[PDB]
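Residue numbers (the deposited numbering), protein chains in the order written: chain A, 130 to 662; chain C, 130 to 663; chain C', 130 to 663. A prime marks a further copy of an entry chain.
Ideal Cβ placement from N, Cα and C applies to all residues, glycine included.
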Amino acid sequence: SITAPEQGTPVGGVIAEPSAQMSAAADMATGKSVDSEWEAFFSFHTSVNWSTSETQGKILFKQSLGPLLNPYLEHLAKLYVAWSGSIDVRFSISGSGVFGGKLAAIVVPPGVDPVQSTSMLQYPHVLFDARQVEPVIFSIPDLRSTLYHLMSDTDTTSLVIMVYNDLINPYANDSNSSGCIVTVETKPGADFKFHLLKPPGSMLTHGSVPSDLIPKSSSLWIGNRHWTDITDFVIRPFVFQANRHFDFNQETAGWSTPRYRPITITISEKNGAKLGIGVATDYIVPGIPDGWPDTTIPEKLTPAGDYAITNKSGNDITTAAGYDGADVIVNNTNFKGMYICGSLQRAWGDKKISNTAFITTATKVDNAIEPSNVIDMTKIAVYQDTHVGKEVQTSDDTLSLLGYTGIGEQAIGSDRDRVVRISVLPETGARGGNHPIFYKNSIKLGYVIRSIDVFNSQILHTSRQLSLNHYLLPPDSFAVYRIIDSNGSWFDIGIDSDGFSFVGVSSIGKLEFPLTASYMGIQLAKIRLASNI
Amino acid sequence: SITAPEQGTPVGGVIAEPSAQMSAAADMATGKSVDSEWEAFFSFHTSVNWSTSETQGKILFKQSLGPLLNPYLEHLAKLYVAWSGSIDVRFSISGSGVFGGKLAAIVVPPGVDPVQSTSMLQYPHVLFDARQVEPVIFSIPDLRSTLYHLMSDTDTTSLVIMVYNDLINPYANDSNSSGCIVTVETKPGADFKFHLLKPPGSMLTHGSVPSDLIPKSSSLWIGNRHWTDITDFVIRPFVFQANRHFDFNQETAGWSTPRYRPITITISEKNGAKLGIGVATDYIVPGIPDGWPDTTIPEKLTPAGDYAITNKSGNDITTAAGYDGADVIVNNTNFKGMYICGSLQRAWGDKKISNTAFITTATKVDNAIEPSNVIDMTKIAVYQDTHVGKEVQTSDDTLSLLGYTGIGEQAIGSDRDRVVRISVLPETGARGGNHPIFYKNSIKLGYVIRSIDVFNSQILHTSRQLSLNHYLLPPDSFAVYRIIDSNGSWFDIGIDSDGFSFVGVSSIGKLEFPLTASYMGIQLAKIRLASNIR
Amino acid sequence: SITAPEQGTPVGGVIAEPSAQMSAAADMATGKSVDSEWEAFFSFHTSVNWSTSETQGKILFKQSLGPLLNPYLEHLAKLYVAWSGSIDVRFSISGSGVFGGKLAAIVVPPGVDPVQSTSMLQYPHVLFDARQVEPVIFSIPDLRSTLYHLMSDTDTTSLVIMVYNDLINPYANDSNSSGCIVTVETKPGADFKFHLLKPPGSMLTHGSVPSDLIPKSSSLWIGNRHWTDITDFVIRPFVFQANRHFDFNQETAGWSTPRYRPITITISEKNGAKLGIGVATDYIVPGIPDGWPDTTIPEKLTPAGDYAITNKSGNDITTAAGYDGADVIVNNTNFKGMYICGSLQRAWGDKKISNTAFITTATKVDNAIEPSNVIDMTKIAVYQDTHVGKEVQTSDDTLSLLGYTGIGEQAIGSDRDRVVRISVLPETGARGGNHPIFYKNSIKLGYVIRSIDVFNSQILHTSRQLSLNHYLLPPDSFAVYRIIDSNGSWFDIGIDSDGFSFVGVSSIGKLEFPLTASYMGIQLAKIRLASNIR
Ligand SMILES: [K+]
Ligand SMILES: [K+]
Ligand SMILES: [K+]
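In structure tokens:
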């Protein structure tokens with residue numbers, strides 16, 4: 130009655146029985162290494178740049194030992210919870226002959242964090258000159274106080290590439306944009322082996338490694354507030370968002386899933402209102418629809434009319450494309466910062482076509498509406514003519530968001546008292562000299578064909594992965610990535626335990642926008658994030 | 130000069146000496162054949178029902194290795210810092226013979242946390258049928274990266290029993306459901322050894338497992354907002370409290386200790402002034418008294434008069450048929466959301482008997498009080514008529530929470546805007562798909578002979594233990610406690626690193642309250658807290 | 130068909146199996162060379178000072194055999210019903226070399242109780258000088274009429290150290306006193322064995338030793354009459370209390386449980402009546418509420434007015450200089466000996482805010498109350514102005530003891546004629562030459578910013594344990610607890626079968642209160658409870 134995992138009554142394959150002569154035939158037909166071909170060669174892992182800007186003692190690379198240093202181990206790591214052993218490395222520089230400089234590789238032991246000083250070269254290190262063609266090979270040993278590791282462990286032996294002598298080029302003393310791509314390739318050491326099969330589907334108690342929060346291409350980057358594509362970055366002393374922002378505990382202080390979909394509600398008004406209060410039909414928090422905008426109007430306003438724009442204290446309408454070359458707008462509209470949403474006003478006996486929506490969160494005192502810094506089921510304002518008479522009308526609406534009304538304003542997310550929360554707004558300032566960032570994209574206005582900027586605290590892929598998956602990161606640390614544009618400009622972003630992405634520079638500048646991202650590793654939040662801009 | 134721990138000249142007994150005939154006689158009288166008997170038998174651990182309603186891939190049993198499995202090791206563990214080795218976990222099942230259905234066993238390694246899914250069976254598993262006669266043992270090996278375990282350690286090898294094939298009765302209809310319960314027992318195992326005997330009176334430098342947070346019986350459960358006994362659980366999307374709510378870091382965003390005792394203050398009303406500001410006399414935070422209640426008033430109002438309520442149309446209520454017969458209450462009373470607080474009210478020269486008080490955090494402008502939910506040295510309001518006439522008095526006063534004047538309002542702790550904090554309000558939402566819970570008490574009302582509900586973030590025993598004892602729990606896990614009522618309907622509560630409690634179902638319903646609570650283990654927060662409601 | 134307690138088919142771990150290389154590795158990492166380490170070393174028990182002031186025939190050390198000597202046996206003893214065998218009690222002394230003085234050791238048999246007298250040396254005794262270098266062991270043999278001992282057993286072989294020759298310093302003058310302290314350690318002994326492992330959740334049918342009656346620290350001491358913390362002891366020739374005073378038979382001549390919580394009652398005053406009789410709502414004895422205070426008024430009087438006191442000559446007191454400056458007080462107040470009791474005071478139609486109460490056991494004749502110290506269903510007095518007009522009201526009321534209006538009176542519990550009973554007042558006098566003691570609290574007063582002393586027969590932890598747990602103690606013995614203050618001045622309290630406490634000296638004096646209490650053992654009541662006051 131008891132059966133073991135390798136136990137049963139063997140009947141065979143009725144028509145035939147497995148032949149060894151055919152399995153030996155297939156080995157010679159294909160060649161053969163011993164059951165793991167990936168243990169026999171070096172595989173491309175990453176490449177890093179080294180310009181003339183990087184002075185002596187700077188660190189271009191730090192990645193800790195682990196199975197993420199080789200793609201074939203990152204694949205088979207998914208079938209296990211523990212590992213142990215060394216990784217072999219081969220690195221080279223695609224330099225020129227006219228280039229000098231020299232570069233060093235330092236396997237620092239566990240525990241230590243390095244410092245950008247030439248004192249780290251008072252320790253065994255592999256010199257590599259830019260003029261050197263043949264690559265160089267060396268091992269990264271597993272020096273561990275334990276007997277095995279876990280996939281989340283990042284206190285392992287680590288490698289750093291450090292500038293030993295500055296790179297030189299007598300030519301470009303005007304552009305200073307020289308090259309020397311520095312590739313790193315990896316092979317498993319013979320002492321490498323995985324331990325402890327995990328059951329499939331089972332989660333890891335100590336979590337996984339945050340190596341998939343940002344995609345590897347900017348074509349996939351979209352905002353957590355508006356669905357458009359990211360176009361550039363913004364650095365500010367404070368960065369805050371609640372709606373689709375998720376921390377590493379799968380917790381959001383907002384009210385919406387990491388999706389963009391229509392918003393279904395149910396208005397109910399009478400006597401001629403045009404300014405009703407909806408109620409949720411699809412939600413995660415009771416009262417607020419899933420996907421309701423996280424921004425409030427500037428002031429108290431009584432929506433009754435139509436658009437109205439004018440320039441610097443001039444009473445001159447921007448009827449034409451002379452909108453540009455104005456630099457200040459009054460925006461005299463009675464609807465002055467709402468969100469435009471196409472509606473399907475379904476009702477019994479309306480017998481008239483639907484109308485646009487002009488939604489926001491606010492307190493309905495009367496026909497007017499007051500800015501509500503906080504959201505609630507008693508704050509969900511909608512300004513559209515549902516064609517109401519004296520008797521009640523309980524239409525179904527099913528909005529979808531298209532644009533914005535606040536012409537001539539700052540980017541959505543600059544002002545804080547207009548940005549919506551439930552109770553507590555997440556917020557982060559500078560954390561060890563590193564500055565937080567927004568992700569900037571655009572949203573269409575309602576009157577002028579131009580668009581307005583929008584600030585985002587995350588990329589939606591970063592929110593979807595933090596809503597679903599379980600990662601490890603200590604609070605005093607980042608999950609650091611490296612952004613590289615089509616040119617040789619790069620900078621490291623750092624995503625904290627709260628979900629906010631930081632940057633070490635004060636200004637990124639413009640960048641050729643087909644970008645890529647690679648996971649470097651876990652860093653402390655104190656040490657400034659590397660850059661070359 | 131030097132003497133070892135076993136060294137000294139023996140003289141013995143002076144009138145007699147120890148005998149072996151008498152020690153042998155005690156082994157005759159007893160059945161003493163070997164010491165450490167718990168190593169020689171299996172001891173009860175628990176028992177699970179396996180019904181036909183339970184589809185495949187469901188987990189029935191799940192325990193991690195450790196000395197909390199067997200009670201005889203849980204006892205000796207108090208003397209040692211460390212342990213190591215394997216436990217043997219016997220399983221017994223008594224099927225009907227005509228039944229069918231196989232049941233799997235998986236010893237998942239350390240570092241994982243199982244899930245209810247057949248993917249767990251894509252892994253080595255032993256099976257045993259309902260027609261299994263003899264018990265099966267399933268030694269759990271100690272797989273460890275360290276050389277010994279501590280007692281605070283919980284990432285250990287675990288064993289799960291889960292339904293491989295559904296249980297089958299050929300006679301039973303599709304409607305009626307049957308079952309066979311599976312019993313679980315444990316024994317220390319041969320390689321099990323404790324390590325590093327500790328001296329008594331020794332702080333253990335990491336604590337122990339969170340096994341003593343919820344008492345094992347409901348008679349000992351009282352809230353952290355009001356002192357009365359719990360009566361039911363309340364699931365809400367957001368849960369929040371500051372005063373007596375403590376986390377695993379022994380730190381609090383509140384102002385009071387986990388104990389209910391009177392509130393001594395002093396108040397120095399000057400002129401004819403039935404209200405004034407009181408100053409702390411006993412405190413852990415400067416300015417705020419210890420035991421001061423964490424709820425404000427709804428509105429700005431002047432306490433001057435008597436009680437008043439109406440049945441939605443001005444019909445005043447003066448009888449139980451009106452109060453219970455009402456659907457809602459207006460409560461036009463002028464001292465609405467406060468606490469009665471008997472108030473001894475001593476002073477020098479105040480020969481008049483004392484008068485009850487009404488307290489909240491609120492500002493004061495010369496007659497009134499406004500709702501201010503940020504407590505300070507100046508947000509300590511009192512209204513008790515300390516017989517003042519045109520002269521500073523400086524009375525001393527001691528106050529004991531009795532009731533709550535806010536008739537008709539919702540349950541206390543249901544509105545953050547009215548709940549009091551210093552700077553930061555601890556608050557949670559649904560971690561995983563597990564909903565938070567308040568613990569429900571009731572508190573007395575003013576002149577009505579009914580009561581009003583009261584919500585609580587913790588049980589006071591949970592707060593008390595987290596103020597004194599040090600525990601490890603990462604911010605991704607829960608300390609799980611299986612609740613079992615009198616009928617056998619059960620569910621698992623999971624306590625947070627933040628101190629809040631959770632439950633893995635949208636509604637618990639009603640249930641017998643002479644109920645219990647047993648620590649099952651540490652559990653990751655994503656995984657839905659198990660339950661069986663009926 | 131049948132399966133023994135160690136029987137079942139083993140399959141083991143399915144992914145791995147137990148290893149010995151890893152269990153060996155934990156013994157390498159640790160110092161594990163043998164299990165049950167407490168059998169291999171001597172553990173600290175206590176230490177005594179031997180000074181030159183101490184004449185011959187004085188007893189310094191006295192312990193009976195048992196597992197409460199060593200803490201590692203006191204722990205395992207919780208798993209077993211019985212024990213047997215000998216303990217080894219090491220002694221260490223470090224004299225100056227120039228000292229002289231011999232010290233005796235006597236293992237007195239079971240059935241006796243020693244005395245401080247040289248007649249004890251007319252018996253086999255071993256001696257050891259101040260110049261003793263190495264420790265001495267002195268195994269205590271288990272002489273027993275039974276075949277095994279239980280844990281409740283205390284008539285066991287004992288060992289006493291006593292001064293055979295006074296300690297001598299040739300340099301020290303007759304005035305100055307020196308000393309050498311003797312340290313005592315214990316080890317389980319070779320023939321020691323526990324017996325009859327008990328299943329958990331098992332009542333032990335005789336209990337255990339009275340080792341947990343007084344807590345080990347003074348921060349946890351509160352009286353059985355008022356909830357406040359103790360501050361000093363009070364020796365009186367007679368001691369008496371009924372309400373929360375419990376004996377070792379789990380029986381009481383009182384009416385309340387050992388816990389302080391509010392007092393819910395109902396009162397049905399008819400006409401304009403500021404006083405009436407309340408009826409129990411929560412009770413263990415029919416008629417009397419649980420928590421009702423056990424003290425009467427001094428005199429017949431009508432509660433109608435305000436407070437009033439005078440300084441022996443009509444000079445009213447309205448300031449601290451007058452109260453403290455006074456020698457005695459008249460207290461012409463009309464509501465003298467009662468308790469303030471905040472009184473929520475709800476009812477249907479009583480919109481007026483509540484008013485404090487004044488309670489005692491007393492009769493009532495239409496305006497007044499007379500002191501009746503026999504509590505009944507009709508001796509439940511209240512004076513709180515429940516806004517009654519010419520109509521029965523039947524208010525519900527909850528009351529919480531705050532203070533005591535009897536300004537100027539002596540300490541509460543000092544007059545039997547005022548202390549309340551049902552039928553029988555428990556009472557003791559001087560057993561042996563050991564004087565009883567009250568435990569002293571203080572209770573708040575009415576409008577004075579001072580307090581008044583309060584006497585207590587027990588600590589509430591002592592009452593609580595004697596209500597729930599079953600203990601053996603004959604009516605001739607005491608359960609002894611050695612009190613030690615911060616300076617080292619000590620004395621022994623002995624608790625009675627009746628529940629009362631005693632002390633072996635006429636006056637204790639003043640002493641540091643961060644003090645402790647340790648159980649020394651059972652002691653016959655004739656023998657004077659030892660002490661060392663300084
Ligand atoms: K329509
Ligand atoms: K007074
Ligand atoms: K009342």
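Discussion item. Does the distance between the C-beta of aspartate 514 of chain C' and the nearest non-hydrogen atom of ligand 3 fall short of 7 Å?
Written reply: Checking every heavy atom of ligand 3 against the Cβ of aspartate 514 of chain C', none is found closer than 7 Å.
Fill in: Run of the beta strand (DSSP E) containing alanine 510 of chain C, from where it starts to where it stops
Unbroken beta strand (DSSP E) run through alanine 510 of chain C: 510–512.
Practice prompt. Anything in chain C' within Cβ reach of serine 268 of chain C, meaning under 9 Å, just list it in chain order.
Written response: Contact of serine 268 of chain C with chain C' by beta-carbon distance below 9 Å involves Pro139, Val140, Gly141, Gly142, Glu146 and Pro147.
Practice prompt. Starting from the N-terminal end, write out each residue whose C-beta falls within a distance shorter than 6 Å of any non-hydrogen atom of ligand 3.
Written response: Cβ atoms closer than 6 Å to ligand 3 belong to C:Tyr576, C':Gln474, C':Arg475, C':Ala476, C':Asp479, C':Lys481 and C':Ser483.
Worksheet item: Does the segment 627–642 of chain A come close enough to the segment 168–187 of chain A to have 3 or more Cβ pairs within less than 8 Å?
Response: No, they do not touch.
Worksheet item: At a CB-CB cut-off below 7 Å, which residues of chain C make contact with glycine 330 of chain A?
Response: For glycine 330 of chain A, the residues of chain C that pass the 7 Å Cβ criterion are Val244, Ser246, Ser248 and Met249, in the order they occur in the chain.
Discussion item. Mapping the DSSP letters down to three states, classify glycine 650 of chain C as helix, strand or coil.
Written reply: Here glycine 650 of chain C sits in strand by DSSP.
Item to complete: State the DSSP-derived secondary structure class of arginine 273 of chain C', mapped to helix, strand or coil.
Response: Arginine 273 of chain C': coil per DSSP, three-state reduction.
Practice prompt. Examine chain C for any beta-carbon lying closer than 8 Å to the beta-carbon of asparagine 444 of chain A, and answer yes or no.
Written response: No - not a single Cβ of chain C is within 8 Å of the one on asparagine 444 of chain A.
Discussion item. I'd like the list of long-range same chain contacts for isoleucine 297 of chain C, defined as Cβ closer than 6 Å, with 5 residues on each side in sequence excluded.
Written reply: The beta carbon of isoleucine 297 of chain C sits closer than 6 Å to those of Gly229 and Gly230, all from its chain and outside the five residues before and after it, given in chain order.
Worksheet entry | Contacting residues, own chain, Cβ-Cβ under 7 Å from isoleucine 656 of chain C' (five flanking each side not counted) | So the list reads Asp242, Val244 and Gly561, once near-sequence residues are dropped.
Discussion item. To be precise: take each residue of the segment 527–552 of chain C', compare its Cβ to all Cβ atoms of chain C, and keep it if any distance is under 9 Å. Which residues remain?
Written reply: Identification of residues in the segment 527–552 of chain C' having a C-beta nearer than 9 Å to some C-beta of chain C yields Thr527, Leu528, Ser529, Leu531 and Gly532, given in sequence order.
Fill in: Against chain C': residues of the segment 566–578 of chain C by CB proximity under 8 Å
Here the close residues are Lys573, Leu574, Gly575, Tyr576, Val577 and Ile578.
Fill in: From C':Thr591, C':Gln261 and C':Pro196, residue whose alpha carbon lies closest to that of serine 221 of chain C'
Of the residues C':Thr591, C':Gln261 and C':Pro196, the one whose Cα lies closest to the Cα of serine 221 of chain C' is C':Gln261.
Worksheet item: How close, in whole Å, do the beta carbons of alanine 371 of chain A and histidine 278 of chain A come, if the pair is a contact with beta carbons under 8 Å?
Response: The C-beta distance from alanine 371 of chain A to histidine 278 of chain A rounds to 37 Å, too long to meet the 8 Å contact threshold.
Fill in: Other residues of its chain near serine 215 of chain A: CB distance less than 7 Å, five sequence neighbours each side excluded
Excluding residues within five positions, the ones whose Cβ falls inside 7 Å are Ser268, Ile269, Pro270, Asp271, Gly318, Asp320 and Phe321.
Worksheet item: Residue ranges of each beta strand (DSSP E) run of no fewer than 3 residues wholly in the segment 541–627 of chain A, ordered along the chain?
Response: Segments of the beta strand (DSSP E) lying fully in the segment 541–627 of chain A: 564–573, 580–585, 606–613 and 619–624.
Worksheet entry | Contact set between the segment 212–224 of chain C and chain C', restricted to residues whose Cβ is under 7 Å from the partner | The segment 212–224 of chain C vs chain C', Cβ under 7 Å: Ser213, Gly214, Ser215 and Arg219.
Fill in: Segments of 3+ residues assigned as beta strand (DSSP E) that fall wholly inside the segment 369–409 of chain C'
Qualifying beta strand (DSSP E) stretches, in chain order: 392–396 and 404–409.
Discussion item. Please tell me whether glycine 240 of chain C has its Cβ less than 8 Å away from any Cβ of chain A.
Written reply: It does; some Cβ of chain A falls within 8 Å.
Discussion item. Quick check on the burial criterion: 16 or more other C-beta atoms within 10 angstroms. Buried or exposed for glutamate 380 of chain C'?
Written reply: Exposed.
Item to complete: Just the C-alpha distance for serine 397 of chain C' and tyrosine 468 of chain C', rounded to the nearest angstrom, thanks.
Response: Cα to Cα, the separation comes out at about 20 Å.
Worksheet entry | Exposure label - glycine 535 of chain A; buried when at least 16 CB within 10 Å | With 16 or more Cβ atoms within 10 Å of its Cβ, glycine 535 of chain A is classed as buried.
Item to complete: Quick one: grab the DSSP three-state call for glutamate 499 of chain C.
Response: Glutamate 499 of chain C: coil per DSSP, three-state reduction.
Discussion item. So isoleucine 651 of chain A contacts chain C'; which residues on that side make the cut at Cβ distance below 9 Å?
Written reply: Within 9 Å Cβ-Cβ: nothing; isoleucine 651 of chain A doesn't reach chain C', min ~29 Å.
Worksheet item: Closer than 9 Å, Cβ to any Cβ of chain C: which residues of the segment 467–484 of chain C', in chain order?
Response: If the cut-off is 9 Å between Cβ atoms, the segment 467–484 of chain C' has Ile469, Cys470, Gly471, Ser472, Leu473, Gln474, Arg475, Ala476, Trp477, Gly478, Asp479, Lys480, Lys481, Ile482, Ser483 and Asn484 near chain C.
Discussion item. Threshold first: 3 residues or longer. Then list the beta strand (DSSP E) segments lying entirely within the segment 161–212 of chain A, N to C.
Written reply: Under the rule that a run must span 3 or more residues, the beta strand (DSSP E) segments found entirely inside the segment 161–212 of chain A read 172–177 and 188–193.
Worksheet item: In chain C', which residues lie less than 9 Å from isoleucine 131 of chain A when you measure between Cβ atoms?
Response: Those are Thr138 and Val140, listed as they occur along chain C'.
Fill in: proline 500 of chain C versus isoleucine 406 of chain C' - alpha carbon distance
Distance between the alpha carbons of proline 500 of chain C and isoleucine 406 of chain C' is about 41 Å.
Item to complete: Anything in the segment 353–376 of chain A with a Cβ closer than 8 Å to a Cβ of chain C'? List those residues in chain order, please.
Response: Taking 8 Å as the upper bound on Cβ-Cβ separation, chain C' lies near no residue of the segment 353–376 of chain A.
Worksheet item: Tell me which same chain residues have a C-beta within less than 6 Å of the C-beta of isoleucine 359 of chain C', skipping the five on either side of it?
Response: Counting only Cβ-Cβ distances below 6 Å, and skipping sequence neighbours, we find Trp350 and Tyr568.
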